[PDB]
Amino acid sequence: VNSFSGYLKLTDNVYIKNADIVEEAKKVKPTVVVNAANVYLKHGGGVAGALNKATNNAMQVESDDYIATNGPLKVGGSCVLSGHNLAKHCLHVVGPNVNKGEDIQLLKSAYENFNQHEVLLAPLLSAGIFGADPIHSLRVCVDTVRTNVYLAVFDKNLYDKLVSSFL
Ligand SMILES: O=C(O)c1cnn(-c2ccccc2)c1
């Protein structure tokens, strides 16, 4: 048993809810919250801007130190950093940004990072301002992630479309 409430069960391991991932993290304080990161860990907008704002910019300060030491992530890659006031850990995952021309085949590699963690609270990778089709992102998630993933979908309209079109 875990603390996640109000989710619709899609598969053995994938759950979904219409929720603000920031508000959900603040309420649950999960072991792992996933950030929709870019390779520079520049948390300007979308999910990353919202998570970082909720940390009072502490996520960005930690991220800048990480990049100064390690250099940029790979598209499809990840790193584990603090979850600050939102979670124990933040798994920063870089899905391909379609609005920058990145190979959508890298979305499966991105979701494979989730398999290193038993339970996660996550957004749909490469959705929103990353430009991918969220229906596709949910299918790759279901077909790739084997650990228990709780998906927060901000937009109620999109949530309902994802549920009603799910195979
Ligand atoms: O609410 C969300 O989490 C979400 C993810 N993707 N999108 C979205 C919004 C507009 C156009 C494409 C995707 C919304």
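Numbers here simply count residues along the sequence, with the first being 1. Below, all heavy atoms of this structure are taken into account, side chains as well, without hydrogens, waters or symmetry copies.
Remark: side-chain polar atoms of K74 are not paired, donor with acceptor, to backbone N or O of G76 under 3.5 angstrom. Between the side chain of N115 and the backbone N or O of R146 there is at least one donor-acceptor pair closer than 3.5 Å. Here the side chain of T147 pairs a donor or acceptor atom with the backbone of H117 at under 3.5 angstrom.
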Could you check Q116 against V80 for side-chain contact (heavy atoms from CB on, under 4.5 Å), going step by step and ending with a plain yes or no?
CA-CA 11 Å; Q116 300 293 319; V80 180; over 6 Å; no
Does the side-chain contact (heavy atoms from CB on, under 4.5 Å) test come out yes or no for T55 and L86, once each step is laid out?
CA-CA 8 Å; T55 76; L86 304 178; 3.8 Å; yes
Run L124 and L162 through side-chain contact (heavy atoms from CB on, under 4.5 Å) and show every step you take.
CA-CA 11 Å; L124 285 166; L162 286 167; 3.6 Å; yes
List the steps and the verdict of side-chain contact (heavy atoms from CB on, under 4.5 Å) for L106 and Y111.
CA-CA 9 Å; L106 291 170; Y111 274 115; over 6 Å; no
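Looking only at side-chain heavy atoms (C-beta outward), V98 and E102 stay at 4.5 Å or farther from each other. Proximity of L91 to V33: side-chain heavy atoms (C-beta onward) are nowhere separated by under 4.5 Å. When side chains are defined from C-beta on, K42 does not count as touching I67, because their heavy atoms never get closer than 4.5 Å. The shortest side-chain heavy-atom distance between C141 and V145 falls under the 4.5 Å cut-off. The closest side-chain heavy-atom distance from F114 to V93 is below 4.5 Å. Side chains of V153 and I16 form a contact here, defined as non-hydrogen atoms less than 4.5 Å apart. Proximity of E62 to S82: side-chain heavy atoms (C-beta onward) are separated by under 4.5 Å at one or more points. The side-chain heavy atoms of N99 and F130, taken from C-beta on, include no pair separated by under 4.5 Å.
When all heavy atoms of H92 and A37 are compared, the closest pair comes out as CB-CB, 3.9 Å. Here the closest non-hydrogen pair linking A36 and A48 is O-CB, 3.6 Å. Of all heavy-atom pairs spanning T144 and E112, the tightest one is CG2-CG, 3.6 Å. In terms of heavy atoms, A19 sits closest to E24 at CB-OE1, 4.2 Å. Residues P96 and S126 approach most closely at O-OG, 2.8 Å, considering heavy atoms. When every heavy atom of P30 is checked against every heavy atom of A25, the shortest pair comes out as CD-O, 3.7 Å.
Put simply, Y159 and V34 are part of the same group of oily side chains (I, L, V, M, F, W, Y) that touch within less than 4.5 Å, one to the next. In this structure, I129 is not a member of the same hydrophobic cluster as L151, with clusters built from ILVMFWY side-chain heavy atoms closer than 4.5 Å. No continuous path of ILVMFWY side-chain contacts below 4.5 Å connects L73 to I104, so the two sit in separate hydrophobic clusters. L41 and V39 fall within the same hydrophobic cluster, defined by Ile, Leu, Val, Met, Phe, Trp and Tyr side-chain heavy atoms under 4.5 Å apart, directly or through other members. When hydrophobic clusters are built by joining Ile, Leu, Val, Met, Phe, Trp and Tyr residues whose side-chain heavy atoms come closer than 4.5 Å, directly or via intermediates, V140 is grouped together with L158.
Residue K9 holds its NZ atom at 6.5 Å from OG1 of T11, rounded to the nearest 0.5 Å. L51 CG to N85 CG: the interatomic distance, rounded to the nearest 0.5 Å, is 10.0 Å. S3 contributes atom OG, which lies 11.0 Å from atom NZ of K29 (distance to the nearest 0.5 angstrom). Between atom CG of residue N157 and atom CG of residue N18 there is a gap of 10.0 Å, rounded to the nearest 0.5 Å. Atom CD1 in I135 sits 4.0 Å away from atom OG in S165 (nearest 0.5 Å). Between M59 atom CE and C90 atom SG the span is 4.0 Å, to the nearest 0.5 Å.
Checking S63 against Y40 by side-chain atom types alone, no donor-acceptor pair falls below 3.5 Å. For the residue pair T31/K88, the side-chain donor-acceptor check at 3.5 Å is not satisfied.
No more than 12 heavy atoms of other residues, nucleotides or ligands sit less than 6.0 Å from atom CG of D12.
For the side-chain hydrogen bond (donor to acceptor under 3.5 Å, both in side chains) with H43, the lone residue among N35, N57, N52 that qualifies is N35.
The ring pair (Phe, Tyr, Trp, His ring centres under 6.0 Å) search around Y150 returns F4, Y7, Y15, not counting sequence neighbours.
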